[PDB]
Amino acid sequence: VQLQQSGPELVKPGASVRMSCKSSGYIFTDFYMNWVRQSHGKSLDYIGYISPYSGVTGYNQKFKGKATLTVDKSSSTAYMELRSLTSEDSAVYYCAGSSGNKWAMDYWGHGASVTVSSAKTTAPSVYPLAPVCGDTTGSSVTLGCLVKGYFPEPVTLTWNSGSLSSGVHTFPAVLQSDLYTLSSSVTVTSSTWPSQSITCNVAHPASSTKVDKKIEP
Amino acid sequence: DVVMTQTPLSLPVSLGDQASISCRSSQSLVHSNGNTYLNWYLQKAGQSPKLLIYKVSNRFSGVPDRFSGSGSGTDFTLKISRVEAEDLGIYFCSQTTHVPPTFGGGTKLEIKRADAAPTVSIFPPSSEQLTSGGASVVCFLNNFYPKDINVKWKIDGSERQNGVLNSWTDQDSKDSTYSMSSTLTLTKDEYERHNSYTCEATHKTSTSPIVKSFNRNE
């Protein structure tokens, strides 16, 4: 039993997204395809079920209207259409199959992420972060770098073309309204900066962007 | 809707330890056809959920002997006998007796260690950004343990809210410590007419809030 799901989409606000899920190799059984939304990290919300053989759907009363479940019996292809997408609906959506008796989701698809955003490809602004701020802790200097207002993801950041790889902490991006923002920090010994060069490297392939910010003193 | 409440919310273990996760429904799960339909899942790091036990104690295929489930009615437990490293991730409990299916919030298994104190660092907006017309003051609270930390932003004595973007690292696979970032974003105009900026961390290791400050020129 294998389930293939259509991968990521970027939907506009007040729009709809149709999502597919093909079941394979558990031919002849009466089993159901299930859709489960995972809001962010830990809340799983059961959306509904549909039998590809008979057509028996059943929704969670919270999603009826937001979500329309359909199947092409003839292909074993379930569908979920979500309409009037709001920023709030930006989650991962799983497809999984159950098989009689027990009633557990025993086989799961890989997930479908939907980012609901009104942005077109937006290039980031890369800002050096020099710790002038609150003077060195003695032995260590921590430097940062801030990547602001980019759509879609990802950007990639490395320090000194990845020659600097220890004491780097890169923070997950967050959809700052309808754009993303992420940062990273590197901790070097106090003799190193600025006697040695530390440079923030960024490339946002979705917009041809590559930038190098030497964090000048 | 049956609320599935699950405790702990986070369970720190050393590899090799016993672990138990409790889960209670708000109604009995004993169905009319005679069955209590309570299942358990593990979603390891960024993977899909994986069924471990169904109908409270039935181990699914390929799930080892270490993992067990038990209970009745309203009260259930998932037990691990030796937390091997492979087991670390979020476990949820789902009920399928009553409509709709619901799930608990999950119990994050994590590696326990000695409390660390945040290495706070605050960063003034960059020339570049102030030239853009905007100003982010960033504050990295690198490498603390436990993850319950509390960041506040203060500008000139009143506390600050509009403009804080907050994010976080998961347990680093090296030193078991978390790191989180705070960024306050205001106008060049409002930055220029204010002067002390305070990233004021509260962590459970110090009674004393960790305060990194700077003054735009003071």
# chains A, B, ... in the order shown; residues from 1 in each chain; ligands from 1
$ residues_around --residues "stretch 115-117 of chain A" --least-positions-apart "4" --cutoff "10 Å" --atoms "only C-alpha atoms" --output "ChimeraX atom specification"
/A:8-16,85-92,151-152,175,177-179
$ write_last_selection --atoms "C-alpha atoms" --output "mmCIF file, in the first residue's frame"
data_model
loop_
_atom_site.group_PDB
_atom_site.id
_atom_site.type_symbol
_atom_site.label_atom_id
_atom_site.label_comp_id
_atom_site.auth_asym_id
_atom_site.auth_seq_id
_atom_site.Cartn_x
_atom_site.Cartn_y
_atom_site.Cartn_z
ATOM 1 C CA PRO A 8 3.638 22.032 -2.476
ATOM 2 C CA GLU A 9 1.405 24.741 -3.709
ATOM 3 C CA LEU A 10 1.383 28.469 -3.175
ATOM 4 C CA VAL A 11 -2.185 29.701 -3.251
ATOM 5 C CA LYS A 12 -3.418 33.167 -3.378
ATOM 6 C CA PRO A 13 -5.906 34.512 -0.790
ATOM 7 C CA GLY A 14 -9.620 33.829 -1.222
ATOM 8 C CA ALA A 15 -8.671 31.113 -3.770
ATOM 9 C CA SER A 16 -8.963 27.254 -3.896
ATOM 10 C CA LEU A 85 -7.898 30.100 1.357
ATOM 11 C CA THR A 86 -6.779 32.407 4.138
ATOM 12 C CA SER A 87 -3.302 32.923 5.588
ATOM 13 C CA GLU A 88 -4.567 30.859 8.493
ATOM 14 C CA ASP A 89 -4.968 27.788 6.197
ATOM 15 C CA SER A 90 -1.233 27.598 5.490
ATOM 16 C CA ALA A 91 -0.592 24.101 6.886
ATOM 17 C CA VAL A 92 0.740 20.555 5.871
ATOM 18 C CA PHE A 151 8.760 35.167 -1.050
ATOM 19 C CA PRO A 152 8.791 32.115 -1.564
ATOM 20 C CA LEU A 175 5.847 34.297 7.346
ATOM 21 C CA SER A 177 2.737 38.855 7.046
ATOM 22 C CA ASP A 178 3.016 37.442 3.471
ATOM 23 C CA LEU A 179 6.793 37.309 3.221
#
$ interface_residues --of "chain A" --to "chain B" --cutoff "9 Å" --atoms "only C-alpha atoms" --output "NGL selection string"
:A and (41-48 or 59-61 or 94 or 102-111 or 125 or 127-134 or 142-144 or 146 or 169-174 or 176 or 181-185)
$ write_last_selection --atoms "N, CA and C atoms" --output "short mmCIF file (atom, residue, chain, number, x, y, z; two decimals), in the first residue's frame"
data_model
loop_
_atom_site.label_atom_id
_atom_site.label_comp_id
_atom_site.auth_asym_id
_atom_site.auth_seq_id
_atom_site.Cartn_x
_atom_site.Cartn_y
_atom_site.Cartn_z
N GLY A 41 3.45 21.95 13.75
CA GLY A 41 4.21 21.12 14.65
C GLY A 41 3.38 20.00 15.30
N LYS A 42 2.42 20.31 16.20
CA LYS A 42 1.70 19.28 16.95
C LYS A 42 0.18 19.20 16.88
N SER A 43 -0.63 20.09 16.32
CA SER A 43 -2.08 19.85 16.32
C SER A 43 -2.50 19.17 15.03
N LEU A 44 -3.06 17.98 15.14
CA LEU A 44 -3.57 17.23 14.00
C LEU A 44 -5.07 17.42 14.11
N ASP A 45 -5.73 17.73 13.00
CA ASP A 45 -7.16 18.01 12.91
C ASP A 45 -7.59 17.09 11.77
N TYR A 46 -8.53 16.21 12.08
CA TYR A 46 -9.05 15.24 11.14
C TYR A 46 -10.02 15.95 10.20
N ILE A 47 -9.78 15.93 8.90
CA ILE A 47 -10.64 16.65 7.98
C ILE A 47 -11.85 15.84 7.48
N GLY A 48 -11.67 14.56 7.10
CA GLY A 48 -12.72 13.69 6.58
C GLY A 48 -12.20 12.39 5.98
N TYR A 59 -17.29 14.04 6.68
CA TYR A 59 -16.49 15.18 7.10
C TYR A 59 -16.56 15.42 8.63
N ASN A 60 -15.54 16.14 9.04
CA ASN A 60 -15.49 16.70 10.36
C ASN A 60 -16.30 17.97 10.04
N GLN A 61 -17.24 18.26 10.92
CA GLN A 61 -18.25 19.32 10.79
C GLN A 61 -17.60 20.70 10.79
N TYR A 94 -2.16 15.90 5.17
CA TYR A 94 -1.79 14.52 4.96
C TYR A 94 -3.01 13.82 4.43
N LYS A 102 -10.01 -2.27 12.84
CA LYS A 102 -9.25 -1.48 13.81
C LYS A 102 -9.50 0.02 13.93
N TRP A 103 -9.66 0.63 12.75
CA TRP A 103 -10.01 2.05 12.54
C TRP A 103 -8.91 3.12 12.77
N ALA A 104 -7.66 2.69 12.69
CA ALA A 104 -6.48 3.54 12.82
C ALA A 104 -5.91 3.94 11.46
N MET A 105 -5.23 5.08 11.31
CA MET A 105 -4.57 5.40 10.05
C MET A 105 -3.21 4.69 10.11
N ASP A 106 -3.19 3.56 9.42
CA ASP A 106 -2.04 2.66 9.38
C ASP A 106 -0.99 2.94 8.28
N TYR A 107 -1.30 3.64 7.18
CA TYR A 107 -0.34 3.95 6.11
C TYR A 107 -0.57 5.43 5.82
N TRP A 108 0.45 6.28 5.74
CA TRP A 108 0.34 7.75 5.59
C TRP A 108 1.10 8.30 4.41
N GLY A 109 0.59 9.32 3.76
CA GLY A 109 1.28 9.96 2.67
C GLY A 109 2.29 10.90 3.31
N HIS A 110 3.12 11.40 2.40
CA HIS A 110 4.23 12.31 2.72
C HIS A 110 3.85 13.75 3.07
N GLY A 111 2.59 14.15 2.96
CA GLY A 111 2.28 15.53 3.22
C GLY A 111 2.39 16.43 2.00
N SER A 125 16.30 41.15 1.63
CA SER A 125 17.31 42.14 2.00
C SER A 125 18.10 41.49 3.12
N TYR A 127 20.88 41.81 6.01
CA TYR A 127 21.39 42.85 6.91
C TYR A 127 22.43 42.23 7.83
N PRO A 128 23.66 42.79 7.83
CA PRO A 128 24.76 42.31 8.66
C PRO A 128 24.41 42.53 10.12
N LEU A 129 24.76 41.69 11.10
CA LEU A 129 24.47 42.03 12.51
C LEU A 129 25.80 41.95 13.30
N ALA A 130 26.32 43.15 13.63
CA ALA A 130 27.60 43.33 14.31
C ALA A 130 27.26 43.66 15.74
N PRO A 131 28.00 43.08 16.67
CA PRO A 131 27.60 42.95 18.07
C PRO A 131 28.07 44.14 18.89
N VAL A 132 28.29 45.22 18.15
CA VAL A 132 28.81 46.48 18.66
C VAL A 132 28.03 46.80 19.97
N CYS A 133 26.72 46.62 19.78
CA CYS A 133 25.63 46.52 20.73
C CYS A 133 25.89 46.54 22.23
N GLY A 134 26.41 45.36 22.56
CA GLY A 134 26.66 44.86 23.89
C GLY A 134 27.86 43.98 23.67
N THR A 142 29.63 37.00 18.92
CA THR A 142 28.49 36.39 18.25
C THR A 142 28.15 37.46 17.22
N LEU A 143 27.92 37.05 15.99
CA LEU A 143 27.56 37.94 14.89
C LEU A 143 26.28 37.35 14.36
N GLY A 144 25.47 38.15 13.72
CA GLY A 144 24.23 37.64 13.17
C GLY A 144 24.08 38.10 11.75
N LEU A 146 20.49 38.97 9.13
CA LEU A 146 19.05 39.00 8.96
C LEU A 146 18.60 39.17 7.50
N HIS A 169 23.84 29.09 14.33
CA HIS A 169 22.51 28.63 14.71
C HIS A 169 21.57 29.24 13.71
N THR A 170 20.93 28.46 12.85
CA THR A 170 20.03 29.09 11.89
C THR A 170 18.59 28.84 12.22
N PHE A 171 17.96 29.97 12.26
CA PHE A 171 16.58 29.96 12.67
C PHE A 171 15.58 29.76 11.51
N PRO A 172 14.65 28.81 11.71
CA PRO A 172 13.50 28.64 10.82
C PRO A 172 12.89 29.99 10.40
N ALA A 173 12.37 30.06 9.17
CA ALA A 173 11.75 31.27 8.63
C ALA A 173 10.32 31.36 9.13
N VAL A 174 9.79 32.56 9.18
CA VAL A 174 8.44 32.78 9.66
C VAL A 174 7.79 33.73 8.66
N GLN A 176 6.28 36.52 7.90
CA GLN A 176 6.17 37.91 8.35
C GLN A 176 5.12 38.53 7.43
N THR A 181 11.12 35.90 6.79
CA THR A 181 12.22 36.50 7.50
C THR A 181 12.90 35.31 8.21
N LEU A 182 14.24 35.20 8.20
CA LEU A 182 15.00 34.24 9.00
C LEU A 182 16.36 34.91 9.28
N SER A 183 17.03 34.42 10.33
CA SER A 183 18.32 34.91 10.82
C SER A 183 19.18 33.74 11.25
N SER A 184 20.47 34.00 11.41
CA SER A 184 21.44 33.04 11.88
C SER A 184 22.53 33.80 12.67
N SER A 185 23.20 33.11 13.60
CA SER A 185 24.25 33.66 14.43
C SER A 185 25.45 32.72 14.39
#
$ select_by_dssp --residues "stretch 46-120 of chain A" --states "strand (DSSP E or B)" --output "PyMOL selection string"
chain A and resi 46-50+57-59+64+67-72+77-83+92-98+107-108+112-116
$ write_last_selection --atoms "C-alpha atoms" --output "PDB file, in the first residue's frame"
ATOM      1  CA  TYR A  46      -9.048  15.240  11.141  1.00  0.00           C
ATOM      2  CA  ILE A  47     -10.641  16.651   7.980  1.00  0.00           C
ATOM      3  CA  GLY A  48     -12.718  13.689   6.578  1.00  0.00           C
ATOM      4  CA  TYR A  49     -12.798  10.258   4.855  1.00  0.00           C
ATOM      5  CA  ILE A  50     -13.913   8.886   1.436  1.00  0.00           C
ATOM      6  CA  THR A  57     -17.671  10.513   2.516  1.00  0.00           C
ATOM      7  CA  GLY A  58     -17.762  11.913   5.943  1.00  0.00           C
ATOM      8  CA  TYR A  59     -16.494  15.176   7.099  1.00  0.00           C
ATOM      9  CA  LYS A  64     -17.572  20.849   5.706  1.00  0.00           C
ATOM     10  CA  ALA A  67     -13.183  21.153   2.094  1.00  0.00           C
ATOM     11  CA  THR A  68     -14.806  19.005  -0.746  1.00  0.00           C
ATOM     12  CA  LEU A  69     -13.824  15.303  -0.906  1.00  0.00           C
ATOM     13  CA  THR A  70     -14.140  13.436  -4.176  1.00  0.00           C
ATOM     14  CA  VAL A  71     -12.604  10.247  -5.687  1.00  0.00           C
ATOM     15  CA  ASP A  72     -12.073   8.847  -9.159  1.00  0.00           C
ATOM     16  CA  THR A  77      -7.559   9.061  -6.888  1.00  0.00           C
ATOM     17  CA  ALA A  78      -9.010  10.927  -3.963  1.00  0.00           C
ATOM     18  CA  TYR A  79      -9.314  14.682  -4.002  1.00  0.00           C
ATOM     19  CA  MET A  80      -9.644  17.471  -1.566  1.00  0.00           C
ATOM     20  CA  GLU A  81     -10.503  20.914  -2.754  1.00  0.00           C
ATOM     21  CA  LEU A  82     -10.110  23.665  -0.106  1.00  0.00           C
ATOM     22  CA  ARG A  83     -11.721  26.963  -1.176  1.00  0.00           C
ATOM     23  CA  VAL A  92       0.740  20.555   5.871  1.00  0.00           C
ATOM     24  CA  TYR A  93      -2.142  18.238   4.785  1.00  0.00           C
ATOM     25  CA  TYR A  94      -1.795  14.517   4.956  1.00  0.00           C
ATOM     26  CA  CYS A  95      -3.605  11.746   3.119  1.00  0.00           C
ATOM     27  CA  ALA A  96      -3.487   8.306   4.789  1.00  0.00           C
ATOM     28  CA  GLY A  97      -5.409   5.050   4.414  1.00  0.00           C
ATOM     29  CA  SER A  98      -7.207   2.933   7.035  1.00  0.00           C
ATOM     30  CA  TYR A 107      -0.340   3.948   6.107  1.00  0.00           C
ATOM     31  CA  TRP A 108       0.335   7.749   5.595  1.00  0.00           C
ATOM     32  CA  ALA A 112       1.182  18.428   1.174  1.00  0.00           C
ATOM     33  CA  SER A 113       2.148  21.968   2.290  1.00  0.00           C
ATOM     34  CA  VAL A 114       0.002  24.944   1.294  1.00  0.00           C
ATOM     35  CA  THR A 115       1.418  28.477   1.895  1.00  0.00           C
ATOM     36  CA  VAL A 116      -1.411  30.938   1.483  1.00  0.00           C
TER      37      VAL A 116
END
$ closest_residue --among "B:150, B:158, B:81, B:187" --to "residue B:131" --atoms "only C-alpha atoms"
B:187
$ atom_distance --atom1 "atom CA of residue B:118" --atom2 "atom CA of residue B:201"
8.3 Å
$ residues_around --residues "residue B:200" --least-positions-apart "4" --cutoff "6 Å" --atoms "only C-alpha atoms" --output "JSON, numbers by chain"
{"B": [151, 152, 210, 211]}
$ write_last_selection --atoms "N, CA and C atoms" --output "PDB file, in the first residue's frame"
ATOM      1  N   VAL B 151      10.835  36.072  26.598  1.00  0.00           N
ATOM      2  CA  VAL B 151      11.417  37.290  26.057  1.00  0.00           C
ATOM      3  C   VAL B 151      10.358  38.415  26.082  1.00  0.00           C
ATOM      4  N   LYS B 152      10.827  39.562  26.595  1.00  0.00           N
ATOM      5  CA  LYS B 152      10.120  40.840  26.656  1.00  0.00           C
ATOM      6  C   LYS B 152      10.964  41.884  25.939  1.00  0.00           C
ATOM      7  N   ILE B 210      17.798  38.275  32.433  1.00  0.00           N
ATOM      8  CA  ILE B 210      18.991  38.545  31.643  1.00  0.00           C
ATOM      9  C   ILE B 210      18.523  39.715  30.766  1.00  0.00           C
ATOM     10  N   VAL B 211      19.219  40.826  30.915  1.00  0.00           N
ATOM     11  CA  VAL B 211      18.912  42.080  30.265  1.00  0.00           C
ATOM     12  C   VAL B 211      20.046  42.528  29.346  1.00  0.00           C
TER      13      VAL B 211
END
$ residues_around --residues "residue A:156" --least-positions-apart "3" --cutoff "7 Å" --atoms "only C-alpha atoms" --output "PyMOL selection string"
chain A and resi 202-204
$ closest_residue --among "B:93, B:164, B:78, B:13" --to "residue B:25" --atoms "only C-alpha atoms"
B:93
$ select_by_dssp --residues "stretch 12-184 of chain B" --states "alpha helix (DSSP H)" --output "list in words"
residues 127, 128, 129, 130, 131 and 132 of chain B
$ write_last_selection --atoms "C-alpha atoms" --output "mmCIF file, in the first residue's frame"
data_model
loop_
_atom_site.group_PDB
_atom_site.id
_atom_site.type_symbol
_atom_site.label_atom_id
_atom_site.label_comp_id
_atom_site.auth_asym_id
_atom_site.auth_seq_id
_atom_site.Cartn_x
_atom_site.Cartn_y
_atom_site.Cartn_z
ATOM 1 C CA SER B 127 23.272 51.393 8.386
ATOM 2 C CA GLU B 128 21.751 49.748 5.343
ATOM 3 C CA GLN B 129 18.468 49.097 6.999
ATOM 4 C CA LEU B 130 18.197 52.511 8.498
ATOM 5 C CA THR B 131 18.919 53.779 4.951
ATOM 6 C CA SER B 132 15.972 51.527 3.839
#
$ atom_distance --atom1 "atom CA of residue A:29" --atom2 "atom CA of residue A:54"
11.8 Å
$ atom_distance --atom1 "atom CA of residue B:26" --atom2 "atom CA of residue B:87"
27.9 Å
